[PDB]
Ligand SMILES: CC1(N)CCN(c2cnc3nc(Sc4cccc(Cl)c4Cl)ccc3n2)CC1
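In the form solved without the ligand, a lone chain appears below as structure tokens.
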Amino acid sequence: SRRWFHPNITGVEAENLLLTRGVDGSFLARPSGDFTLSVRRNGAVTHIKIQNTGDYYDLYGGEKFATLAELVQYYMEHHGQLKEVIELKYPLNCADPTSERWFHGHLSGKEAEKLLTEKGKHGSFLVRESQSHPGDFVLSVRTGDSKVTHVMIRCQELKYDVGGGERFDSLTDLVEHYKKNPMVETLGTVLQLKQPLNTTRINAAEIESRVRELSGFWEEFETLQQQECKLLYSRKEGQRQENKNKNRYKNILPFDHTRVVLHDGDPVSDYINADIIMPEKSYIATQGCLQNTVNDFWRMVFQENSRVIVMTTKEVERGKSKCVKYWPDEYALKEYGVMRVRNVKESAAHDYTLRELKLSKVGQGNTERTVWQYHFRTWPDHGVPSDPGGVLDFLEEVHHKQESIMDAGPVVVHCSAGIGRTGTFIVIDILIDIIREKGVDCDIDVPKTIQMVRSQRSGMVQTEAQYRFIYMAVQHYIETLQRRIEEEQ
């Protein structure tokens, strides 16, 4: 449940709702990549600023978080942490259905039927606004192996109903109740609400038109964000007191089911803030090294047989340490615990530096392997690059290096927290990989890919600017590939 987030509200409106429909301890989150946490305390409303430039959610005077859901979950369980003491006790639920996957609004009866026939299957449903009855809504459900059933949703005195029974405060409450307790037709047909209609999957060749229609991008990104409370998996290992100083940000943690487990350790030696990212080429999404985790990083690269490292941050950004130097200087050899790293040669490009490293275990003669470090240096401090040409050239080289190495392990990708830039780079790579094998005429789904990657590491792809950049990167790759065909013809 992510009902505490109100996507289309103002400051005074948030103050009015908390003072008339809330109590002391009531709270809601709202957008302004700036966000605000409005909390009622001692009969007054306090506004706490949340900033996200692309790395993490930064609550002013508080902690850093991977998701707004994890931020709320933390302060609801840790009282006294939020001080101006500001208590996060009762979420103020939003009735706005615009961020729901099943809500289509603008659709007509003919448009809803045509879309359910072409894209829908058994249990596929949607909620659209009634055309001839303003204020009312229509629930369209597809049942079969087939038929489309329309159920009228009346709006009477701010409450919603299907013509009888219980009256709901919102369309979300109605949909969820008839999801658990399905409606039965007069001839025994069960109106099961199994899954919403997919309207995000597009043909990679027609990306130009979809980018044009979304130029939309905010509404599609917020719909994806509304699905993050379905990915609140266990992060217990990272929360252990022995692993506290192994995390760059104490609340940005790996999932227990995807975390990289370190073996052959010193007699807790199995933890690293990293996750295996498997598209459903593998990836390891991780944070920027800490002074005390450099040895653990090289232990991971060796054990996982990784031959390519993608660094998408500078060592220092805005006077703050984002990643410590875990590699030696050009032509130098350094020992990092049981691991030995040699920097053979450095090759500089306009947007990145390539470092040819040789990793081996100290005291073992035939464990040496080459590890190629691709260090992207031109990514801006805040936001995303204005042109995706540099990132695409960089990711094409990274891909061809990975493919050229026999039995190469997952590609290690990292920035500062290992979720924003790391998430953006991995998602662009996954989406381009589909086009690389199938061609320009293939199905791609940008929010579905991000959601799948987010189930493997919390908060992968942090901002709407990064979300737009992913679309812009795929569009530029399709254009350059189609231009290459025209030049040959």
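For every residue, the number given is its place in the sequence shown, counted from 1.
Beyond the structure shown, there is the form deposited with the ligand bound, which is absent from this document and is the topic of what follows.
- Taking the partner from the other structure, the ligand in the entry with it bound has a heavy atom within 4.5 Å of a heavy atom of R101.
- By the criterion of a heavy atom within 4.5 Å, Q451 is counted among the residues contacting the ligand in the entry with it bound.
- Though the partner is left out of this view, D433 does not reach within 4.5 Å of the ligand in the entry with it bound, counting heavy atoms only.
- When the ligand is considered in the entry with it bound, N198 lines it closely, a heavy atom lying within 4.5 Å.
- Contact with the ligand in the entry with it bound, defined as a heavy atom within 4.5 Å, holds for exactly one of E176, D136, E368, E219, namely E219.
- Comment: the ligand is not present in this chain, but in the entry with it bound one of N93, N295, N343, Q227 has a heavy atom within 4.5 Å of it, namely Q227.
- From the list 101-109, 168-176, 359-367, 335-343, the contact stretch for the ligand in the entry with it bound under a 4.5 Å heavy atom rule is 101-109.
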